[PDB]
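Structure first, commentary second.
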Ligand SMILES: O=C1C=C(O)C(=O)C=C1O
Ligand SMILES: O=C1C=C(O)C(=O)C=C1O
Ligand SMILES: O=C1C=C(O)C(=O)C=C1O
Ligand SMILES: O=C1C=C(O)C(=O)C=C1O
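Protein chains in written order, with UniProt numbering: chain X, 1 to 98; chain A, 1 to 98; chain D, 1 to 98; chain Z, 1 to 98.
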């Protein structure tokens, strides 16, 4: 069972993301087996550096919305108040293929 | 250059999705090389059938927002008025790995 | 200083909303002076009854994102795990008028 | 019948908003009777000037999703490719009051 987890940083908070980035990745590390796809959303331009990060997107396995809820609630990014938006959706790969 | 393309169906419009589903997939077919990840969002429960579809999510390569804009504008789903929400974000895979 | 606070219920959770609706309104009651606009989003059709509710939208005064964060975190609806999406934006009335 | 219409500008496109702002307001002018609430979302800080605008939010009367769809499709802002996100929801004022 897969979930899309989309979270967008509040304006002006890039430094909060940076300050908590190592802790965020350490929080994801034990969960890596459950994360199918993951990475930051990016802002203006073509840059792909740390300074270009504007949010977090993951596709993750979970047994329940309760599990997803706790995962989100316990993220260092969430606890730091980084995000202005959070969107979660149950999801599956298209079964033809795209 | 990758973009997240998230689109959520209007309420009560599952039959519109069904009616246009073959055309939508035919529209995606020539673009398949550019689509890294793709599939429907799903609603209540654990079902993964056609009746459980509530929207469309894709991660796709494009050279420009203009290209993404046209791709969205020309989708049979868009032309049928299926969606209540559309969210597009530039994005990259996390470069450690998750 | 005004914020849009948009929150959409998880699929299949209308009964959670109902179960917590009185508590939610009681939670908003002391804050009513700060809420400029408020009401539920509605689903398919033209109905405007309790059964048609699909989420919560408010425009509210706050002195800080920290205040908004706590307001959201302490809502009976949030504690019950009602929502799949939460979007917050600083906002102002257009100064001509619309 | 009321709809929330939420639209967020693409990154780096503040100047597109500025360039099209007069045309946007002229497009809204004949519709003003149908718009209950309207204004720009705002970004970082406490500023409320043109430079602080990051998107458009309206609450508007319409007889149909088809009407909302056309309204969005015909906006100078939409035609200019200003937006990264568009969210539309049927909505009503809470009938106690908040
Ligand atoms: O692969 C898919 C891609 C989509 O966009 C959709 O809506 C449904 C699918 O099965
Ligand atoms: O892999 C990643 C996953 C995230 O959630 C993030 O925010 C940044 C990354 O590089
Ligand atoms: O009133 C307004 C309405 C809008 O849609 C906008 O973008 C800016 C404003 O000032
Ligand atoms: O006024 C209201 C405010 C809310 O947040 C809600 O969910 C329902 C209502 O009727």
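Yeah, the Cβ is synthetic: ideal placement off N, Cα and C, and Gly gets one too.
Legend entry - Strand pairing of residue 52 of chain A, partner residues [DSSP]: Position 52 of the second chain holds residue 52 of chain A. Answer is none; residue 52 of chain A lacks a bridge partner.
Inset, instruction - Check whether the Cβ of residue 40 of chain A sits closer than 7 Å to any heavy atom of ligand 1, and report yes or no. - result: Residue 40 of chain A sits at position 40 when you count from the first residue of the second chain. Yes, ligand 1 has a heavy atom inside 7 Å of this Cβ.
Legend entry - Nearest-angstrom Cα separation, counted from residue 87 of chain A out to residue 85 of chain Z: Position 85 of the fourth chain, counted from the first residue, corresponds to residue 85 of chain Z. Position 87 of the second chain, counted from the first residue, corresponds to residue 87 of chain A. For residue 85 of chain Z and residue 87 of chain A, the distance between alpha carbons rounds to 4 Å.
Inset, instruction - Would you mind giving the Cβ-Cβ distance between residue 58 of chain Z and residue 96 of chain D, rounded to the nearest angstrom? I have them listed as a contact below 8 Å. - result: One-based indexing of the fourth chain puts residue 58 of chain Z at position 58. One-based indexing of the third chain puts residue 96 of chain D at position 96. Contact flag wrong, Cβ pair sits at about 13 Å.
Inset, instruction - For residue 91 of chain D, return the contacting residues in chain Z, with the cut-off set at a CB-CB distance below 8 Å. - result: Start at 1 with the first residue of the third chain, and residue 91 of chain D comes out as number 91. The contacting residues are 39, 40, 41, 42 and 57.
Inset, instruction - Can you tell me which of the three DSSP states residue 40 of chain X falls into? - result: Within the first chain, residue 40 of chain X is the residue found at index 40, counting from 1. It is a strand residue.
Legend entry - beta-carbon residue 24 of chain Z near ligand 3 non-hydrogen atom, thresh 7 Å: Taking the first residue of the fourth chain as position 1, residue 24 of chain Z is located at position 24. Yes, the Cβ of residue 24 of chain Z comes within 7 Å of a heavy atom of ligand 3.
Inset, instruction - Could you tell me which residues DSSP puts in a beta bridge with residue 9 of chain A? - result: Here residue 9 of chain A corresponds to residue number 9 of the second chain, with the count starting at 1. Residue 9 of chain A has A:83 as its beta-bridge partners, per DSSP.
Legend entry - Touching by the beta-carbon criterion (3+ pairs, under 8 Å), the segment 12–24 of chain Z and the segment 12–23 of chain D: no
Legend entry - Three-way DSSP call (helix, strand, coil) for residue 134 of chain X in this model: Residue 134 of chain X lies beyond the residue range present for chain X, which begins at 1 and ends at 98; the question has no answer from this structure.
Inset, instruction - Determine which residues of the UniProt domain "YCII-related" (1–92) of chain D have a Cβ less than 8 Å from any Cβ of chain X, and write them out in chain order. - result: 10, 11, 65, 66, 69, 81, 84, 85, 86, 87, 88, 89 and 90
Legend entry - Proximity winner among X:5, X:10, X:2 and X:3, relative to residue 53 of chain X (alpha-carbon distances): Numbered from 1 along the first chain, position 53 holds the residue referred to as residue 53 of chain X. Checked all of X:5, X:10, X:2 and X:3; the closest Cα to residue 53 of chain X is X:10.
Legend entry - Cβ contact (3+ pairs, closer than 8 Å) linking the segment 26–46 of chain X and the segment 26–34 of chain D: Short answer: they don't touch.
Legend entry - Endpoints, alpha helix (DSSP H) assigned at residue 28 of chain D: Indexing the third chain from 1 puts residue 28 of chain D at position 28. Segment 14–28, the alpha helix (DSSP H) holding residue 28 of chain D.
Inset, instruction - Measure the beta-carbon distance from residue 89 of chain X to residue 1 of chain X and round it to whole angstroms, keeping in mind my assumption that it falls under 8 Å. - result: Taking the first residue of the first chain as position 1, residue 89 of chain X is located at position 89. Taking the first residue of the first chain as position 1, residue 1 of chain X is located at position 1. Rounded to the nearest angstrom, the Cβ distance from residue 89 of chain X to residue 1 of chain X is 12 Å, too far for a contact under 8 Å.
Legend entry - Heavy atom of ligand 2 within 7 Å of residue 94 of chain A beta-carbon: Here residue 94 of chain A refers to the residue found at position 94 when the second chain is read from its first residue. Yes.
Legend entry - Within 8 Å, strictly: CB atoms of residue 94 of chain Z and residue 91 of chain D: Position 94 of the fourth chain, counting from 1, holds the residue named residue 94 of chain Z. Position 91 of the third chain, counting from 1, holds the residue named residue 91 of chain D. In this structure, residue 91 of chain D does not lie closer than 8 Å to residue 94 of chain Z by Cβ.
Inset, instruction - Alpha carbon to alpha carbon, how far is residue 8 of chain Z from residue 36 of chain A? Give it in angstroms, no decimals. - result: Position 36 of the second chain, counted from the first residue, corresponds to residue 36 of chain A. Position 8 of the fourth chain, counted from the first residue, corresponds to residue 8 of chain Z. C-alpha separation (whole angstroms): 25 Å.
Inset, instruction - Could you tell me whether any non-hydrogen atom of ligand 3 is closer than 7 Å to the CB of residue 56 of chain Z? - result: The residue labelled residue 56 of chain Z in the question sits at position 56 within the fourth chain. Flag set: Cβ of residue 56 of chain Z near ligand 3.
Legend entry - Buried/exposed call for residue 13 of chain X, threshold 16 Cβ in 10 Å: Sequence index remark: in the first chain, residue 13 of chain X carries index 13 (1-based). Classification for residue 13 of chain X: buried.
Inset, instruction - Measure the alpha-carbon distance for residue 73 of chain A versus residue 6 of chain X and round it to whole angstroms. - result: Numbered from its first residue, the second chain carries residue 73 of chain A at position 73. Numbered from its first residue, the first chain carries residue 6 of chain X at position 6. Using only the alpha carbons, I get a separation of about 23 Å.
Inset, instruction - Taking only the alpha-carbon atoms, compute the straight-line gap between residue 34 of chain D and residue 71 of chain D and give it to the nearest angstrom. - result: Mapped onto the third chain, residue 34 of chain D falls at position 34. Mapped onto the third chain, residue 71 of chain D falls at position 71. Answer to the nearest angstrom: the Cα atoms are 12 Å apart.
Inset, instruction - Sort X:3, X:66, X:56 and X:76 by Cα distance to residue 82 of chain D and report the nearest one. - result: Locating residue 82 of chain D in the third chain gives position 82, counting from the first residue. The option with the nearest alpha carbon to residue 82 of chain D is X:66.
Inset, instruction - Measure the alpha-carbon distance for residue 4 of chain Z versus residue 98 of chain D and round it to whole angstroms. - result: Here residue 4 of chain Z is taken as the residue at index 4 of the fourth chain, counted from 1. Here residue 98 of chain D is taken as the residue at index 98 of the third chain, counted from 1. Computed Cα separation, rounded: 14 Å.
Inset, instruction - Look up residue 4 of chain X in the DSSP assignment and give the residues it is bridged to. - result: Here residue 4 of chain X refers to the residue found at position 4 of the first chain. X:59 and X:89.
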